[PDB]
């Protein structure tokens, strides 16, 4: 049903090597947002898309297999709905006061300091975040929570990170 449409989508996007490259992902995300005039964006750039692919590429093939792509695509589908719901002035962007509500709706309850850091890193000079920056941020945030969770086997809220794992987790992202 939806399982067959999705499988078709992935097959046609992934093409001859049966995995989704950064460039394939970039072209599809740009194709789709082009149809949503309520999402303001200067575009999905290659560098951003290589970042998204690396962070999602948990088997280190270089590209996104079916499950990796499914996980990402379904996140974006939920996250775009959130963005539109929380763009309560229809600017096409998420401003500083809209951001906490949006991230919280996505399951990320941060604190003022962390929201300010993300606005600082991801939002523009007026404190507005456009749609590709918003998705780029959430992919990584979601990945970073997941990485923490894997390392926190005993549920102490502290993790021990060796230098090798640190370099992999930050450089292959």
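Positions refer to the first chain, counted from 1. Superpose the two forms; the largest set of C-alphas matching within 1.5 Å is the rigid core.
Asker: Once the rigid core is lined up, would you tell me whether 83-91 or 68-76 has the higher RMS CA deviation in 7 other deposited structures of this protein?
Answerer: Result of the core-fitted comparison in 7 other deposited structures of this protein: 83-91 deviates more.
Asker: When the other structures are laid on this one by the rigid core, do the CA atoms of 5-13 or of 20-28 sit farther away in 7 other deposited structures of this protein?
Answerer: So, of the two stretches, the farther one in 7 other deposited structures of this protein is 5-13.
Asker: Highest mean C-alpha temperature factor of the two stretches 72-80 and 87-95, which is it?
Answerer: Stretch with the greater average CA B-factor: 87-95.
Asker: I need to verify one thing: averaged over C-alpha atoms only, is the B-factor higher for 155-163 or for 5-13?
Answerer: In the deposited entry, the stretch with the higher C-alpha B-factor mean is 5-13.
Asker: Whose CA atom has the top B-factor in the entry, of 133, 27, 51, 111?
Answerer: Highest C-alpha B-factor among the listed residues goes to 111.
Asker: Using the temperature factors in the entry, find which of 47, 42, 142, 125 has the highest value at its Cα atom.
Answerer: Largest recorded C-alpha B-factor: 125.
Asker: Classify residue 173 as lowest, middle or highest third according to the C-alpha B-factor given in the PDB entry, relative to its own chain.
Answerer: Residue 173: CA B-factor falls in the highest third of its chain.
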